[PDB]
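For reference, the structure is listed below as structure tokens.
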Number of protein chains: 2
Amino acid sequence: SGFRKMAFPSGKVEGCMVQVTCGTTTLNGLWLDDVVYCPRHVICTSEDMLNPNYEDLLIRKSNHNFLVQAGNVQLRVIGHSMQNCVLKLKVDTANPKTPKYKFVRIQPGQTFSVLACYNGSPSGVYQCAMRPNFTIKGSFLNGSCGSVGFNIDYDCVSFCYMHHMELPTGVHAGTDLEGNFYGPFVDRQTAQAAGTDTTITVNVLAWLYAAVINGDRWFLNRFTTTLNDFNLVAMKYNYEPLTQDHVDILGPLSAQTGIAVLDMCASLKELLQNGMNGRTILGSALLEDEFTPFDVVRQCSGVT
Amino acid sequence: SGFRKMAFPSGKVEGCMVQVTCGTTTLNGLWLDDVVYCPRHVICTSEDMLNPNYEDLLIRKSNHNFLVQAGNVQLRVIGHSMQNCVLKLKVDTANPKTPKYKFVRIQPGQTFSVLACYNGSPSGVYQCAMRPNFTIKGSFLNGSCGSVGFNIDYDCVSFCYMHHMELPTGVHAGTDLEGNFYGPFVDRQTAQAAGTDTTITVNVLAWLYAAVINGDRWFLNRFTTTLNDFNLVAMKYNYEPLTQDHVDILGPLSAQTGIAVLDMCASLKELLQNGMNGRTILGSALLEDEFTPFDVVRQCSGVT
Ligand SMILES: c1ccc(SCCN2CCOCC2)cc1
Ligand SMILES: c1ccc(SCCN2CCOCC2)cc1
């Protein structure tokens, strides 16, 4: 029993982290096979970052300008290319610790683990969610760029995020591993404001199911609702609309607990309208939205 | 910027996890050098667990009754001994992935990472604290016993916890790596009730400092207090007494922020007396106590 905000074990990703230096900028890269992936802004001076022309800055860079260090050993760069907002540095050595892997682009509401790194060395691992406004709420200091977000399926690491920047509001923006930003963000030091940070409703419902499975049940009420009625309440409270696809994904948790999805929606509706009245659910005084239905099943069933 | 509940990177510990089976009981062991450490209740039938005599049960066990599997490869057991509530299985092979390590016994209020494992395979990593009642609030299903808690200092893993049992209240109890339980708990299926789960005051103050460093400052007030006055409030709210040792440990955070420790105590006093009034601090609607002063400095400074 118990329910914790749990990250994937980080060892497979730890084995992939390297330091990339270009001139005076050092950040992190991801070494998979004979390619090192890193944010393209590694080529920028803090001056360049106000309005960088990346193609023009890169003309001034040779293979030997990218210094790649894996532990205390230098890798030989034998090619480089820019794919969207990432650089791919071809090295002469395949990473011997390369796990089975994929590159995936996640949808808002999806959770993943971040291995926060500095100078190619891991500092910590935490769980977070792609917010509906395509930001994440991370913990990143200068030097953390190129840190990655991932999910694991048994022995296959799916990489979904590489860290690139902090908005003036202290929320985080980044790319998939093909270098495409999540949301409308660009790798430039400009005014970039995030949109509404709505609550990920299907994840709150998943976590309420986790609560019931773990014996936190005070919030279960006598009511039900409809998807349309619930959705009127969701819109009022800046919650994401609930779809039938979300209802279907919650089916296994509904089945385990015997609480119909729409009844749990009616419990959620009362919590929104009434507040928690100083009570907690799974040690939280707010409704947690960074567990997916898949996360709750995985944790509640003990998948390795 | 940002502040996350962050676990240590788990790779060094992942390399140490093995499956231990005795008869029909499978749980996790920790393989360091040529010794595998696991809970002694691996020798018990669910029947034995009501009133086990471990010395008598162990007489019936030979080296060949302990099946130790590291990945898909069997280890040869060449000796076994019982140290308090752990078994030490001597194997014929030193773990080649043995990190630099220590065994430490932590104090209540200290935080550590747990690598939750099943059948010797890692499922997840999370951060938690030794509660003042010597329980922890984990996420452990059947088969998770022998999962370990640890801290890392650069390249040295300090192991502080091995998981042994769940109390009837769904909180967790375990040992240090010499097999001594934290608190008064025993490895028997009996009535064992936990004492008061007080709040770890020095950790709340550390997290309020983290909040100020990260720009969450609404709760800063115009007041100060004394250690005696604060402590009268702490006792009323089931907070641990604050000592001058705690004040001294908060000194670096006081210095960074320019907020005297006793002024932050006065802010905490007002939050206790007034509540949060529907506001949040670092995305929490309650006062978080599972970050130590050392954790806040580590995260806020980017140690690897
Ligand atoms: C993010 C990162 C990688 C992928 S793999 C599919 C992408 N393709 C395949 C390779 O050419 C470019 C487009 C998906 C999402
Ligand atoms: C917990 C686990 C191990 C230690 S090392 C010091 C313990 N000693 C040394 C070995 O003999 C038994 C006593 C400390 C706390």
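Worth pointing out:
- Within the stretch A:174-203, being within 14 Å of another protein chain (Cβ to nearest Cβ) and away from ligand 1 (no atom under 16 Å from the Cβ) holds for A:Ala194, A:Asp197, A:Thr199, A:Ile200.
- Residue, surrounded by the most Cβ atoms within 10 Å (Cβ to Cβ), within the stretch B:255-303, restricted to residues that are charged (D, E, K, R) and more than 23 Å from the chain's Cα centre (by Cα): B:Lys269
- Any hit, the stretch A:218-226, residues being free of Cβ contacts under 8 Å to residues at least 40 places away in the same chain and hydrophobic (A, V, I, L, M, F, W, C): no
- One residue stands out among those in the stretch B:63-79 that are buried (at least 18 other Cβ atoms within 10 Å of the Cβ) and not β-branched (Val, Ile, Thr): the one that is farthest from ligand 1 (Cβ to nearest atom), which is B:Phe66.
- Here B:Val157 meets each of (1) more than 19 Å from B:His41 (Cα to Cα); (2) within 16 Å of ligand 2 (Cβ to nearest atom); (3) out of contact with any helix residue (DSSP H, G or I) (no Cβ under 6 Å at 6 or more places or on another chain) with one exception, condition (3).
- Scoring A:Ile136 on the criteria (1) under 13 Å from A:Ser113 (Cβ atoms); (2) in contact (Cβ under 8 Å) with a residue 60 or more places away in the chain leaves a single failure, condition (2).
- Selection within the stretch B:242-288 - of a type in the set (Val, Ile, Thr) and more than 21 Å from A:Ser284 (Cα to Cα): B:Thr243, B:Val247, B:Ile249, B:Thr257, B:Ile259, B:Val261
- Cross-chain or 6+ apart pairs with Cβ under 9 Å, the stretch B:156-170 first and of a type in the set (S, T, N, Q), then more than 13 Å from ligand 2 (Cβ to nearest atom): B:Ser158/B:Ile152; B:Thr169/B:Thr135; B:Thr169/B:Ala193; B:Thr169/B:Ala194
- Single unsatisfied condition, A:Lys88 versus (1) out of contact with any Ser or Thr (no Cβ under 9 Å at 6 or more places or on another chain); (2) away from chain B (no Cβ under 14 Å); (3) not acidic (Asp, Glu): (1)
- Considering residues of the stretch A:171-190 that are of a type in the set (D, E, K, R) and buried (at least 20 other Cβ atoms within 10 Å of the Cβ) only, the residue nearest to ligand 2 (Cβ to nearest atom): A:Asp176
- Among residues of the stretch A:81-112, those that are in a strand (DSSP E or B) and within 16 Å of ligand 1 (Cβ to nearest atom), counted: 11
- Hits in the stretch B:88-103 (condition: within 15 Å of ligand 2 (Cβ to nearest atom), closer than 21 Å to B:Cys145 by Cβ and either more than 20 Å from the chain's Cα centre (by Cα) or surrounded by fewer than 17 Cβ atoms within 10 Å (Cβ to Cβ) (or both)): B:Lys88, B:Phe103
- Set side by side, the residues A:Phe140, A:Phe181, A:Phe185, A:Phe159 differ, and just one is under 21 Å from A:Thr292 (Cα atoms), in contact with a strand residue (DSSP E or B) (Cβ under 8 Å, 6 or more places away or on another chain) and of a type outside the set (A, V, I, L, M), which is A:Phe159.
- Counted residues, the stretch A:244-293 - those being free of Cβ contacts under 8 Å to residues at least 12 places away in the same chain, more than 28 Å from A:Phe8 (Cα to Cα) and assigned to a helix (DSSP H, G or I): 1
- Single match in B:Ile136, B:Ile152 (criterion: aliphatic (A, V, I, L, M) and out of contact with any helix residue (DSSP H, G or I) (no Cβ under 9 Å at 6 or more places or on another chain)): B:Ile136
- Checking each residue in the stretch A:115-133 for being in contact (Cβ under 8 Å) with a residue 60 or more places away in the chain and within 8 Å of chain B (Cβ to nearest Cβ) picks out A:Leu115, A:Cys117, A:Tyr118, A:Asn119, A:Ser121, A:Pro122, A:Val125, A:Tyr126, A:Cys128.
- Matching entry among B:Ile106, B:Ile136 (being within 13 Å of another protein chain (Cβ to nearest Cβ), surrounded by fewer than 24 Cβ atoms within 10 Å (Cβ to Cβ) and under 25 Å from B:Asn203 (Cα atoms)): B:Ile136
- Residue in the stretch B:259-280 that is within 12 Å of chain A (Cβ to nearest Cβ) and within 25 Å of A:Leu141 (Cα to Cα) present: yes
Every number here is computed from the coordinates shown, using simple stated rules; none is lab data. So basically every Cβ, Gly included, is an ideal-geometry build from the backbone, and we count neighbours across all protein chains shown.
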